[PDB]
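Q: Please see the structure below; I have some questions.
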There are 2 protein chains.
Amino acid sequence: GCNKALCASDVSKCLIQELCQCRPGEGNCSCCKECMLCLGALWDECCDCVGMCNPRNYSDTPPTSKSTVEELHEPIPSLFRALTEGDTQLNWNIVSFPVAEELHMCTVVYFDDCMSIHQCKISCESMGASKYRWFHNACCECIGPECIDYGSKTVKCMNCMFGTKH
Amino acid sequence: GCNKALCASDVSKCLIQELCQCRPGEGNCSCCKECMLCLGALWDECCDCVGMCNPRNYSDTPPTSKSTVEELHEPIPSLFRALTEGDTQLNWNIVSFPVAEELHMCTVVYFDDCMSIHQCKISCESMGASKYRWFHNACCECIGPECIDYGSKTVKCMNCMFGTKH
């Protein structure tokens, strides 16, 4: 957790001054601002040592955790509805879920085969979608005109689940 | 706009069949699903030619238009408030705006100097932030515990506005 070699010198220096005596983890941390200033440049690599921040290296960042979202210029909502409602394309997985779940209803299209971001924007753009979300596992999710936000965080698109549990 | 060389053959073929006679741009487009099927693989590169989708190359995608958003594991809201409320760090620009504007109040921290995404996550993580948004101009925006969503789309962080008008 704590990087002892980098932090042992400076981290102890604050402790002698008696800073960083307050745990943010439960309750208010009055000293938190003072503790950060005493650490200075080492706060990023040493806030764990004083308990002010989560341990540095414990989780292996799944690729799905990142997604990149852009809003398409000049959306064409009528097209998006027309291609969604009817017998959908096999390449397309269509999910409608209640709007504001991610935080009437929000409908998104999940492309099957994994694709590059630039293709994903183009494919959504050809669909008239208001927005697209690109998971860093490379799953592509077009966002319908109705949807308030960026749609579901779930990597629900078939034939590219790499980056998900089991 | 239209890529004549790729699309002239196939696009005309649908027109002879009398598909793609309906404009999505105003009103319902009944034929839109049929038009896409007739184009098939060329829909991405040729939907513009039939008017079903926006012209291919007209806008120079600003870097700020993309942003990548991840939700931090194990946020520490007390720390985020403590370092925000008081006399803020010069490196940090603190913006509070009403919550749900982007779609009580949402507070975000805009790092000054432009930084890599991995540093941006770490810097937000040391701050206890629930989430971070990284603009592809490389501006970094930590997201406060209060904020419902991913915070402001604006690239409001000082000393890295590259990717914005004028």
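Q: In nm to one decimal, list the spacings between the A:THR164 label point and its equivalents in the other copies, with label points set 7 Å along Cα to Cβ, shortest first.
A: Listed shortest first, these distances are 3.7 nm.
Q: Another one. ³J(HN,Hα) across the range A:5-10 via Karplus (A = 6.51, B = -1.76, C = 1.60, θ = phi - 60°), whole Hz, x for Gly/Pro?
A: Listing the rounded values in order: 5, 5, 9, 4, 4, 5 Hz.
Q: While we're here: Would you calculate a helix-derived [θ] at 222 nm for chain B, using -39,500 (n - 2.57) for each DSSP H run of n ≥ 4 and dividing by the full residue count, to the nearest 500?
A: Using -39500 (n - 2.57) per qualifying helix, the result is -7500 deg cm²/dmol.
Q: State whether the range A:63-143 is rounded, prolate or oblate according to the following rule on the C-alpha gyration tensor (a ≥ b ≥ c being the square roots of its eigenvalues): a/c under 1.5 gives rounded; otherwise a/b larger than b/c gives prolate, and the remaining case gives oblate.
A: Rounded is the answer for the range A:63-143, as its axis ratio a/c remains below 1.5.
Q: Across peptide B:64-76, how many C-beta atoms of other chains are within 10 Å of each residue C-beta, on average?
A: Per residue, the average neighbour count from other chains is 5.
Q: For A:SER30 and B:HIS104, what does the FRET efficiency come to when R0 = 30 Å and r is the distance between their Cβ atoms, rounded to the nearest 0.05?
A: Computed FRET efficiency for A:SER30 and B:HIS104 comes out at 0.85.
Q: Moving to a separate point now. Can you give the FRET efficiency to the nearest 0.05 for B:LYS165 and B:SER96, using r as the Cβ-Cβ distance and R₀ = 22 Å?
A: The calculated FRET efficiency here is 0.35.
Q: Could you list A:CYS32, A:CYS2 in order of exposure, starting from the residue whose Cβ has the fewest other Cβ atoms within 10 Å?
A: Lowest to highest Cβ neighbour count: A:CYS2, A:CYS32.
Q: List the extent of the Cα atoms of the protein assembly as shown along each of their three principal axes, largest first, rounded to whole Å.
A: Sorted largest first, the three principal extents are 84, 48, 36 Å.
Q: How big is the antiparallel share of DSSP beta bridges in chain A, given as a percent to the nearest 5?
A: 100 percent
Q: While we're looking at this one, here's another question. What area, in nm² and to one decimal, does the C-alpha convex hull of chain A cast on average over all directions?
A: Taking the Cα atoms of chain A, their convex hull projects to 13.5 nm² on average.
Q: Okay, next question. With no solvent and one equal point scatterer per Cα, compute the Debye intensity ratio I(q)/I(0) for the range A:1-73 at 0.16 Å⁻¹ and report its log10, rounded to two decimals.
A: Log-scaled intensity ratios, in q order: -0.62.
Q: Among chain A residues, which Cβ is nearest the axis of the A-onto-B rotation, and at how many Å?
A: Of all Cβ atoms in A, the one closest to the rotation axis yields A:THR68, 2.
Q: Using a label position 7 Å from Cα in the Cα→Cβ direction, what is the ascending list of nm distances from B:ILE94 to the same site in the other copies?
A: With the label placed 7 Å along Cα→Cβ, B:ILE94 yields 4.8 nm.
Q: Along the Cα→Cβ direction, 7 angstrom out, place labels at B:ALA5 and B:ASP44. What is the inter-label distance in nm?
A: 1.9 nm
Q: Taking other Cβ within 10 Å of each residue's Cβ, how do B:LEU83, A:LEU90 sort, fewest first?
A: With the fewest neighbours first, B:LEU83, A:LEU90 line up as A:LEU90, B:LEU83.
Q: Another question about this same structure. Along Cα→Cβ, 7 Å out, is where each label goes; now give me the distance between the ones at A:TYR58 and B:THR61 in nm to one decimal.
A: With each label placed 7 Å out from Cα toward Cβ, I get 3.7 nm.
Q: Take the Cα pairs of the range A:4-46, get the Kirkwood Rh, then feed it into Stokes-Einstein at 25 °C and 0.890 mPa s and tell me D in µm²/s.
A: Roughly 231 µm²/s, to the nearest whole number.
Q: Test of understanding: ordering A:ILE76, B:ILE16, B:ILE143, A:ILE94 by Cβ neighbours within 10 Å, fewest first, what list do you get?
A: By the 10 Å Cβ count, ascending: B:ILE16, A:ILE94, A:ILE76, B:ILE143.
Q: What pairs from A:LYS121/A:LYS156; A:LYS66/A:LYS131; A:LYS156/B:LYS66 go past 20 Å between their alpha carbons?
A: A:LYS156/B:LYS66
Q: Something else: For the range A:4-46, calculate the relative contact order in percent as a whole number, restricting contacts to Cα pairs under 8 Å that are 6 or more residues apart.
A: Taking the mean separation of contacting Cα pairs over the length of the range A:4-46, I get 44 percent.
For neighbour counting, all protein chains shown are included, and Cβ atoms are generated from backbone atoms with ideal geometry for every residue, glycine included. Computed from the coordinates by the stated procedures, all read-outs in this text should not be read as laboratory data.
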